[PDB]
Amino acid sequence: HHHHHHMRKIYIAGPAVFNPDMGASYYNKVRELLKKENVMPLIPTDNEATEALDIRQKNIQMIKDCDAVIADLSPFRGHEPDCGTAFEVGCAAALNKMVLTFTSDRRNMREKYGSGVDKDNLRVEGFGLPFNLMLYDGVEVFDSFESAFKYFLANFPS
């Protein structure tokens, strides 16, 4: 009776932070969706510090503390995902965390670039994946935050 109960936690990785509203609209939708399932969002801008290294360390700690990462690997400033988000996905992988990814554009890299090379003749990967192969770990690439969250609920029960 009255045993400790773990509250599930998801790190909310993605470039929403660079939106004009600093991600408010995105994060508010995330907060509302997760609240219904008693899941805590760990959001990059929470209790934000002023120094770069402190912001970084707090985000790494959120990844260490999380049960899963849901990462927005949508195109950012071109066809490639955000590198900060990629760093966080790498952190999560090394820590053996559940990593779930989605993107607004699921086409293969070569379809995105329209060729096996970019405008500067640099090679575009040909593995039938929507982004750099380091970012794919065998879990389905989802089409939305919500679809990724459904996988979380099915595969990480309370």
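Residue indices: 1-based, along the sequence shown.
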For this session: Tell me which of 52 to 60 and 28 to 36 has the higher mean C-alpha B-factor in the deposited entry.
Result: 28 to 36
Seminar exercise, completed: Quick note on 37 to 45 and 63 to 71: per-entry mean CA temperature factor is higher in 37 to 45
Problem set entry | Entry-reported Cα temperature factor of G14, expressed as the chain third it lands in | middle
For this session: Give the position of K112 by CA B-factor within its chain, expressed as the lowest, middle or highest third.
Result: middle
Exercise. Among the chain's modelled residues, which third holds the C-alpha B-factor of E146?
Worked result: middle
Seminar exercise, completed: Split the chain's modelled residues into thirds by Cα B-factor; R106 lands in the lowest
For this session: Using the B-factor values recorded in the entry, state whether the Cα atom of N121 falls in the lowest, middle or highest third among the modelled residues of its chain.
Result: highest
